[PDB]
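Colleague: Got a structure for you, questions after.
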Amino acid sequence: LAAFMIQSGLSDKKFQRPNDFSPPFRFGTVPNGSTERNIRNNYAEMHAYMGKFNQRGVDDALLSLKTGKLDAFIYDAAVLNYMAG
Amino acid sequence: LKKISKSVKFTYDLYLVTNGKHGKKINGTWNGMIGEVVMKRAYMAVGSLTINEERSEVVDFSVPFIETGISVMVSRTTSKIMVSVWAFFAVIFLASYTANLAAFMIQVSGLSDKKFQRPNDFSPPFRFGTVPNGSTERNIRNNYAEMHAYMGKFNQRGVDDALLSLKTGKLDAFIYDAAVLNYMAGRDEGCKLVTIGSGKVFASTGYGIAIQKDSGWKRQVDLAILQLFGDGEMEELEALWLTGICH
Amino acid sequence: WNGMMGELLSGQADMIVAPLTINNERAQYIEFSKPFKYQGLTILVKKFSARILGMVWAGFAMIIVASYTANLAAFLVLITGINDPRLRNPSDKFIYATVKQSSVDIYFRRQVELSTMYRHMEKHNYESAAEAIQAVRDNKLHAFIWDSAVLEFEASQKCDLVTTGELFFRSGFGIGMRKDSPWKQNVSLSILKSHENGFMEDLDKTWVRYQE
Ligand SMILES: *[C@@H]1O[C@H](CO)[C@@H](O[C@@H]2O[C@H](CO)[C@@H](O)[C@H](O)[C@H]2NC(C)=O)[C@H](O)[C@H]1NC(C)=O
Ligand SMILES: *[C@@H]1O[C@H](CO)[C@@H](O[C@@H]2O[C@H](CO)[C@@H](O)[C@H](O)[C@H]2NC(C)=O)[C@H](O)[C@H]1NC(C)=O
């Protein structure tokens with residue numbers, strides 16, 4: 001008792017099948033960027049889904065995520081690490 | 001010193017003293033680093049020099065760059081219902097006692113000590129001494145004559161000898177400079193040796209740089225030191241040399 | 001200049017005796033002796049089939065009360081100086097202030113790396129330490145960069161007063177003087193002779209050592 005006291009990713013099913021589950025999911029990214037270009041050239045349908053969740057800035061995505069208006073935000077890795085810390 | 005010669009632009013060369021250790025006015029004659037600067041065979045003495053009134057009359061000391069002192073180191077049915085309610089209350093009390101137990105589990109006077117002012121005057125004879133011919137020995141003789149007289153049979157000759165003798169139990173307390181004994185405490189094998197209290201300093205003073213009397217550099221010598229503290233180079237330098245391991 | 005240095009250089013004063021912060025500007029204009037104080041800078045903050053079921057349920061009750069004991073035990077048991085990022089880029093919430101036209105403001109202005117702090121303290125500089133202490137006692141302030149000994153005596157006086165951890169810029173307080181005068185050598189010798197013996201400890205017993 002004392003010891004006790006001491007004591008997936010981009011290819012997700014909810015991603016590859018967005019809004020295809022009992023709870024509709026939501027996620028998008030900023031258009032006209034390198035990340036948006038990569039998505040269109042590897043997952044056409046996944047790129048098409050995000051068209052209605054396009055953001056316009058880093059802060060807007062963070063606040064919308066905080067308000068619950070968005071569930072996931074995809075963006076550059078280097079800067080989103082900075083905002084997280 | 002490397003930082004010093006950079007901004008005032010003076011050349012120099014070093015050599016080691018052969019007679020004396022830090023300075024001792026014997027028959028009115030000073031030796032060591034201070035003794036030469038009196039004789040003007042050298043223009044500056046740099047090292048571990050303790051600022052005191054006696055040494056400030058033969059040379060001049062610039063502003064101290066590190067604070068030290070004198071310290072001592074030592075080795076570390078209704079009735080049935082009522083009965084049931086009583087049992088429940090006892091279990092509660094028992095729970096409070098246990099929880100509280102786990103929580104709690106998770107959770108010398110000084111130089112003027114009676115054993116010091118009355119050394120070897122108690123059932124267990126005590127022992128303590130220091131290195132002779134130093135500034136610390138001079139201070140003791142001029143404030144506690146009998147206490148100074150007692151330490152004559154416990155005189156050491158080096159930092160390591162005192163540490164080992166204390167480790168072997170041959171000595172009980174060692175009195176020496178505060179700045180260096182702090183260094184040895186954080187760099188000893190383990191943390192067996194500690195200083196009195198959480199760090200207690202008697203007769204606060206400073207370490208200084210000996211200069212030839214009435215030098216024209218003393219205005220420029222000290223002004224550089226004040227620039228060091230304002231910018232903050234001592235913090236990095238002291239972490240390089242004066243940091244320790246034990247806490 | 002103004003203040004103590006403004007009066008001393010005007011000739012109306014002769015010798016400044018006060019908790020004088022030794023810095024580089026003062027040493028050029030006026031003279032000092034050995035400092036009589038040793039401290040740095042910190043922050044002030046505020047704080048029969050049924051019988052088988054019966055024995056099984058008795059075991060259940062025992063394990064349930066053991067689990068409740070474990071969870072109640074878990075329930076009952078289980079800024080930091082200038083390096084606070086929330087103070088690196090402050091806001092209207094964390095209010096740190098200092099004394100207007102004091103040596104600390106000049107010291108922070110010297111290092112331009114704390115220009116934003118110099119741009120924040122400028123809006124809330126108070127005339128005296130008493131004003132800042134009263135305002136933070138009313139919880140109108142959140143931090144107060146100030147000397148260590150003064151804030152320690154204040155924390156002894158008021159139990160809600162709390163200091164931080166960092167101890168930086170280890171300077172001293174000394175006696176301001178006029179220019180080169182025979183009122184220097186013997187003054188510094190007297191200060192040293194006072195530091196050497198137990199006089200400083202007695203003065204601390206009078207005011208510094210005592211707690212409230
Ligand atoms: C991506 O680029 C397009 C084209 O520049 C942007 O669409 C423009 O949006 C502005 C503001 O609403 C309008 O005034 C223009 O008329 C639009 N032009 C076209 C052709 O659509 C779009 O907003 C940009 N998206 C981002 C933010 O990357
Ligand atoms: C203090 O100085 C005295 C005098 O130099 C030292 O006494 C000498 O000690 C050595 C080594 O034992 C002897 O060879 C000399 O003959 C001694 N001379 C005299 C006149 O006593 C003494 O050791 C020094 N103490 C320390 C270590 O500071």
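The chains in the structure tokens are called A, B, ... from first to last as shown; in each chain the residues are counted from 1, and the ligands are counted from 1 in the order shown.
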Would you pick out the contacts of segment 50-58 of chain A at 6 Å or less, using only C-alpha atoms, so that residues sharing its chain but fewer than 5 positions from it are not included, and give the list as a list in words?

Modeller: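 Listing them by chain and then by number gives residues 27, 28, 29 and 30 of chain A.
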
Colleague: Just the residues within 12 Å of residue 165 of chain C, please, counting only C-alpha atoms, with nothing from its chain fewer than 4 positions along; format it as a list in words.

Modeller: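 Once the adjacent positions are removed, what remains is residues 40, 41, 42, 43, 44, 45, 79, 80, 81, 82, 83, 84 and 148 of chain C.
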
Colleague: Residues contacting ligand 2 - anything with an atom at most 7 Å away, using only C-alpha atoms and all ligand atoms - can you give me those as a count of residues only?

Modeller: 5

Colleague: Give me, as a tab-separated table, the closest atom pair and its distance (Å, one decimal) for every residue of chain A within a cut-off of 12 Å of chain C, counting only C-alpha atoms, rows sorted by chain and rising number.

Modeller:
residue	atom	partner	partner_atom	distance
A:1	CA	C:70	CA	7.5
A:2	CA	C:70	CA	8.9
A:3	CA	C:70	CA	11.3
A:4	CA	C:70	CA	9.0
A:5	CA	C:74	CA	6.7
A:6	CA	C:78	CA	9.3
A:7	CA	C:74	CA	10.6
A:85	CA	C:85	CA	11.0

Colleague: Would you list, as a ChimeraX atom specification, the residues of segment 75-165 of chain B that end up in helix (DSSP H, G or I) under DSSP run on this structure's backbone?

Modeller: /B:78-106,114-117,135-141,145-154,159-165

Colleague: Can you write just those residues out, C-alpha atoms, as a compact mmCIF listing (two decimals), in the first residue's frame?

Modeller:
# COMPACT_ATOMS: atom_id res chain seq x y z
CA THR B 78 -30.42 1.63 21.10
CA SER B 79 -27.37 0.78 23.29
CA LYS B 80 -26.03 -1.52 20.51
CA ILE B 81 -26.52 1.32 17.95
CA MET B 82 -24.59 3.69 20.29
CA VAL B 83 -21.75 1.10 20.58
CA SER B 84 -21.65 0.82 16.74
CA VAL B 85 -21.46 4.66 16.47
CA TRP B 86 -18.56 4.61 19.01
CA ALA B 87 -16.75 1.93 16.93
CA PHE B 88 -17.24 4.07 13.77
CA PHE B 89 -15.82 7.16 15.57
CA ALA B 90 -12.82 5.08 16.76
CA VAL B 91 -12.18 3.90 13.15
CA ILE B 92 -12.33 7.61 12.13
CA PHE B 93 -9.82 8.54 14.89
CA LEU B 94 -7.71 5.53 13.76
CA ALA B 95 -7.85 6.74 10.12
CA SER B 96 -6.79 10.29 11.18
CA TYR B 97 -3.85 8.83 13.19
CA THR B 98 -2.72 6.69 10.20
CA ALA B 99 -3.13 9.41 7.52
CA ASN B 100 -1.33 11.89 9.85
CA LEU B 101 1.49 9.34 10.46
CA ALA B 102 2.03 8.85 6.68
CA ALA B 103 1.98 12.66 6.18
CA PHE B 104 4.65 13.26 8.89
CA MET B 105 6.71 10.43 7.32
CA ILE B 106 6.31 12.09 3.87
CA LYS B 114 30.88 26.93 26.98
CA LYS B 115 33.02 24.07 25.67
CA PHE B 116 35.05 26.72 23.82
CA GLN B 117 35.43 29.35 26.57
CA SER B 135 45.80 36.24 10.57
CA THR B 136 43.23 34.03 12.31
CA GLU B 137 45.72 33.12 15.04
CA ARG B 138 46.51 36.81 15.55
CA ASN B 139 42.83 37.67 16.01
CA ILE B 140 42.33 34.98 18.66
CA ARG B 141 45.27 36.13 20.80
CA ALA B 145 44.02 35.10 25.67
CA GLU B 146 43.20 31.88 27.53
CA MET B 147 41.36 30.44 24.52
CA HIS B 148 44.40 31.24 22.38
CA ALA B 149 46.67 29.61 24.98
CA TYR B 150 44.62 26.39 24.95
CA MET B 151 44.99 25.88 21.19
CA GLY B 152 48.80 25.83 21.37
CA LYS B 153 48.87 22.03 21.63
CA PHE B 154 46.46 21.50 18.70
CA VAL B 159 44.35 22.18 5.23
CA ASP B 160 44.50 18.47 4.37
CA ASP B 161 46.14 17.51 7.68
CA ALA B 162 43.31 19.10 9.66
CA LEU B 163 40.67 17.44 7.48
CA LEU B 164 42.22 13.98 7.83
CA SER B 165 42.91 14.36 11.56

Colleague: Leaving out segment 171-179 of chain C and any residue of its chain fewer than 3 positions from it, which residues lie within 9 Å of it when counting only C-alpha atoms, given as an MDAnalysis selection string?

Modeller: (chainID B and resid 229) or (chainID C and resid 5 8:9 14:23 26 29:41 168 183:184)

Colleague: Take the residues from that selection and write them out as a compact mmCIF listing (two decimals), in the first residue's frame, keeping N, CA, C and O atoms.

Modeller:
# COMPACT_ATOMS: atom_id res chain seq x y z
N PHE B 229 31.95 43.83 -10.61
CA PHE B 229 30.69 43.50 -9.95
C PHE B 229 29.50 44.07 -10.71
O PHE B 229 28.48 43.39 -10.85
N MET C 5 22.91 63.23 -3.01
CA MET C 5 24.05 63.74 -3.75
C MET C 5 23.83 65.18 -4.19
O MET C 5 24.78 65.97 -4.24
N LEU C 8 24.58 67.15 -1.00
CA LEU C 8 25.97 67.08 -0.58
C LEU C 8 26.87 67.91 -1.48
O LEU C 8 27.77 68.61 -1.00
N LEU C 9 26.66 67.84 -2.80
CA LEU C 9 27.47 68.61 -3.72
C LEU C 9 27.16 70.10 -3.67
O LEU C 9 28.00 70.91 -4.06
N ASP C 14 27.53 67.73 4.64
CA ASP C 14 28.96 67.48 4.82
C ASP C 14 29.32 66.01 4.72
O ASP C 14 30.40 65.68 4.22
N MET C 15 28.46 65.11 5.19
CA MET C 15 28.79 63.69 5.24
C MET C 15 27.49 62.91 5.28
O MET C 15 26.73 63.02 6.25
N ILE C 16 27.23 62.11 4.24
CA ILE C 16 25.99 61.35 4.14
C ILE C 16 26.18 60.05 4.92
O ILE C 16 27.06 59.25 4.60
N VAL C 17 25.37 59.86 5.95
CA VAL C 17 25.33 58.60 6.69
C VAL C 17 23.93 58.04 6.49
O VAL C 17 22.94 58.58 7.00
N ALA C 18 23.84 56.95 5.74
CA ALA C 18 22.58 56.34 5.35
C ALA C 18 22.88 55.00 4.70
O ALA C 18 24.04 54.71 4.41
N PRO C 19 21.87 54.16 4.47
CA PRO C 19 22.10 52.95 3.68
C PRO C 19 22.46 53.27 2.24
O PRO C 19 21.62 53.14 1.34
N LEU C 20 23.70 53.70 2.01
CA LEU C 20 24.10 54.21 0.71
C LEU C 20 24.52 53.07 -0.21
O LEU C 20 25.46 52.32 0.09
N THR C 21 23.85 52.97 -1.35
CA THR C 21 24.14 51.93 -2.33
C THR C 21 25.39 52.31 -3.11
O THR C 21 25.39 53.31 -3.85
N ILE C 22 26.45 51.53 -2.96
CA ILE C 22 27.72 51.81 -3.62
C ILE C 22 27.63 51.38 -5.08
O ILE C 22 27.39 50.20 -5.37
N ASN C 23 27.85 52.32 -5.99
CA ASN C 23 27.83 52.03 -7.42
C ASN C 23 28.97 52.79 -8.08
O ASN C 23 29.86 53.32 -7.42
N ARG C 26 28.56 57.06 -8.25
CA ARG C 26 28.86 57.77 -7.01
C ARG C 26 30.35 57.83 -6.72
O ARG C 26 30.85 58.86 -6.25
N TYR C 29 32.08 60.86 -8.38
CA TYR C 29 31.73 62.19 -7.88
C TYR C 29 32.06 62.39 -6.41
O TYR C 29 32.45 63.49 -6.02
N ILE C 30 31.91 61.36 -5.58
CA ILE C 30 32.17 61.49 -4.15
C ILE C 30 32.94 60.26 -3.65
O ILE C 30 33.10 59.28 -4.38
N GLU C 31 33.41 60.32 -2.41
CA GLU C 31 34.25 59.28 -1.84
C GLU C 31 33.47 58.40 -0.89
O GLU C 31 32.42 58.78 -0.36
N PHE C 32 34.00 57.19 -0.66
CA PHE C 32 33.41 56.21 0.23
C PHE C 32 34.45 55.70 1.22
O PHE C 32 35.65 55.98 1.11
N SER C 33 33.96 54.96 2.21
CA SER C 33 34.79 54.19 3.13
C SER C 33 34.38 52.73 3.02
O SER C 33 33.63 52.34 2.12
N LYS C 34 34.88 51.91 3.93
CA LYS C 34 34.48 50.51 3.89
C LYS C 34 32.99 50.38 4.17
O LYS C 34 32.48 50.99 5.11
N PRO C 35 32.26 49.61 3.36
CA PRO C 35 30.83 49.43 3.60
C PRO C 35 30.57 48.73 4.93
O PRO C 35 31.30 47.82 5.32
N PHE C 36 29.52 49.18 5.62
CA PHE C 36 29.14 48.58 6.89
C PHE C 36 28.04 47.54 6.77
O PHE C 36 27.63 46.97 7.79
N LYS C 37 27.55 47.29 5.56
CA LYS C 37 26.46 46.34 5.33
C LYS C 37 26.87 45.33 4.26
O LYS C 37 27.71 45.61 3.40
N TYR C 38 26.27 44.14 4.33
CA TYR C 38 26.50 43.08 3.34
C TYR C 38 25.16 42.47 2.97
O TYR C 38 24.57 41.73 3.77
N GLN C 39 24.68 42.75 1.76
CA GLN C 39 23.42 42.17 1.30
C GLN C 39 23.27 42.41 -0.19
O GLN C 39 24.06 43.12 -0.81
N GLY C 40 22.23 41.79 -0.76
CA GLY C 40 21.95 41.92 -2.18
C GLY C 40 20.57 42.46 -2.48
O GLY C 40 20.10 43.40 -1.83
N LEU C 41 19.90 41.86 -3.46
CA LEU C 41 18.57 42.28 -3.89
C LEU C 41 17.64 41.09 -3.97
O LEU C 41 18.06 39.97 -4.29
N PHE C 168 21.10 38.18 -5.59
CA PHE C 168 21.99 38.66 -6.64
C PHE C 168 22.45 40.08 -6.35
O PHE C 168 21.88 40.79 -5.52
N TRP C 183 38.93 63.46 6.85
CA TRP C 183 37.79 62.75 7.42
C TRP C 183 37.54 61.42 6.73
O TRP C 183 36.41 60.90 6.76
N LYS C 184 38.55 60.84 6.09
CA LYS C 184 38.41 59.58 5.38
C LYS C 184 39.21 58.46 6.02
O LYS C 184 38.65 57.41 6.35

Colleague: Report as a VMD selection string all protein, DNA and RNA residues lying within 9 Å of residue 37 of chain B, evaluated on only C-alpha atoms, omitting residues in the same chain fewer than 2 positions from it.

Modeller: chain B and resid 32 to 35 39 to 45 58 to 59 210 to 213

Colleague: Residue 88 of chain C: which residues within 8 Å, counting only C-alpha atoms, same-chain residues fewer than 6 positions away excluded, as a short mmCIF file (atom, residue, chain, number, x, y, z; two decimals) with N, CA and C atoms, in the first residue's frame?

Modeller:
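Saved result, out-v9.cif, follows:
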data_model
loop_
_atom_site.label_atom_id
_atom_site.label_comp_id
_atom_site.auth_asym_id
_atom_site.auth_seq_id
_atom_site.Cartn_x
_atom_site.Cartn_y
_atom_site.Cartn_z
N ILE C 82 14.14 36.79 -10.55
CA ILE C 82 14.04 37.46 -11.84
C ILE C 82 13.85 36.48 -13.00
N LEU C 114 17.09 44.28 -19.74
CA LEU C 114 15.85 44.38 -18.98
C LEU C 114 15.16 45.69 -19.30
N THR C 116 12.38 46.03 -21.13
CA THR C 116 10.95 45.87 -20.92
C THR C 116 10.58 46.02 -19.45
N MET C 117 11.40 45.47 -18.56
CA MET C 117 11.20 45.73 -17.13
C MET C 117 11.35 47.21 -16.81
#

Colleague: Find the residues in chain C near chain B: any atom within 7 Å counts, using only C-alpha atoms. Write them as a PDB file with C-alpha atoms, in the first residue's frame.

Modeller:
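Just written: iface_7.pdb:
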ATOM      1  CA  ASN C  24      30.072  53.380 -10.157  1.00  0.00           C
ATOM      2  CA  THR C  69      -8.169   4.669   3.919  1.00  0.00           C
ATOM      3  CA  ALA C  73      -4.334   9.247   2.961  1.00  0.00           C
ATOM      4  CA  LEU C  76      -4.381  14.390   2.992  1.00  0.00           C
ATOM      5  CA  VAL C  77      -0.726  13.799   2.045  1.00  0.00           C
ATOM      6  CA  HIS C 195      33.398  45.490  12.202  1.00  0.00           C
ATOM      7  CA  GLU C 196      36.221  43.480  13.767  1.00  0.00           C
ATOM      8  CA  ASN C 197      34.793  43.201  17.294  1.00  0.00           C
TER       9      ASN C 197
END

Colleague: Would you please extract all strand (DSSP E) residues from chain A, as assigned by DSSP on the backbone, and give them as a CSV table (one decimal) with C-alpha atoms, in the first residue's frame?

Modeller:
chain,number,residue,atom,x,y,z
A,27,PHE,CA,-9.5,20.2,-38.2
A,28,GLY,CA,-7.9,22.6,-40.6
A,72,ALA,CA,-7.1,19.8,-34.1
A,73,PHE,CA,-4.8,22.3,-35.8

Colleague: Between atom CA of residue 128 of chain B and atom CA of residue 113 of chain B, what distance in Å does the model show, to one decimal?

Modeller: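 Interatomic distance, atom CA of residue 128 of chain B to atom CA of residue 113 of chain B: 12.8 Å.
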